[PDB]
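Before any questions on binding or motion, here is one chain by itself as structure tokens, the form deposited in one PDB entry.
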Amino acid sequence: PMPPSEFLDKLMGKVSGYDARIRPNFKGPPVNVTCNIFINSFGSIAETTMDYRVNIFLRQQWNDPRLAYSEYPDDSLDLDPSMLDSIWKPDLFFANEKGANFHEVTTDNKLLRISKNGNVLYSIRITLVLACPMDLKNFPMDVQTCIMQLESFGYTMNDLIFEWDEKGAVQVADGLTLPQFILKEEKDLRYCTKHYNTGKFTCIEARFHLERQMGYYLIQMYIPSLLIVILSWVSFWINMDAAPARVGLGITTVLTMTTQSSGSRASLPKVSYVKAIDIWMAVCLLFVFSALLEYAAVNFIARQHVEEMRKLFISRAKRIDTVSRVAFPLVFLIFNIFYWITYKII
């Protein structure tokens, strides 16, 4: 019995009229190529460039009546990547590649096996940096949706159709974890058939639903932002005579809030719409700014006040100081309730 390598010479060579530039079922129905990808290393989701690097295994299955054999006993011939370049392959590509490369560490990472009926399996390893438009209207409580479409370039709809398989469409690794986001078990599968001036091409896309973990931003940009507001609340228990103490407290705490507000947009795009973290840095900046105007009103009334007028303005400048100890801890409290509840049902 001749080995499978010499058997491919009589099937892939110039004999039998088999050419690698002809699609199967020519002058007939289009080729239905089913695909299923396996995610190996997901993560590294940048926000300034709005892209994410993923390493998937692209599997392609299509029927080819020209490769059907009957003399070989087994129904699986794991060939060599050398014969892989001498056959026909679908022109599958991604519309959001933005730079990609293969992996040829000691061997071109390609798979090729042919069944008796003509089934051809084609599995390779591709590293992609896919771009996805993100909506940052509520940045700390956003639901990301990273999509990836698989289009055709040379073959139109009447010559090649891409579809998803029924069982096991998108497999996920067991020990695949993410530091910031989380990968939900629900993945939508829809069509993305485009229409250009040349024609229409097939397209299959998968929608990965992600969600950020608030455990990181809560400690960096929320807990320190909440303590600065408390630093302005303590400015009311000090007597009005200590002018350099209360003025310096109302200024040193209002400028460090602007620094944290300006520094909270380091790893963020320059979007125009306001997000959920910008209003938090803005409203909390208003409370520490209102504390400055609070003492300014108390100081102006105290310095404006023979014995009948001064006996009432002192009681007025002190009464407003007692209300401020209950007003701001309650106005900021009702805002803290209306903030997390509004961003919990949207």
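In this text, residue numbers run from 1 along the sequence as written. In this text, the rigid core denotes the largest set of C-alpha atoms whose superposition between the two forms falls within 1.5 Å.
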| item | value |
| --- | --- |
| Unresolved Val306 in a third or more of other entries flanked by modelled residues | yes |
| Count class of coordinate-free deposited residues lying between the neighbours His305 and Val306 | 10 or more |
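Just so you know, the form deposited in another entry exists too; it's not on screen, but the next bit is about it.
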property	result
Of the candidates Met214, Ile251, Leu189, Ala173, the only Cα that travels 2 Å or more between this form and the one not shown, given a rigid-core fit	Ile251
After fitting the core, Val274 CA displacement of 2 Å or more between this form and the one not shown	yes
Threshold 2 Å Cα movement between this form and the one not shown for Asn25, core superposed	no
Shift of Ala68 between this form and the one not shown at or above 2 Å (CA, core fit)	no
In the other form, shift in Cα separation for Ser267 relative to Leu128, 3 Å or more	farther
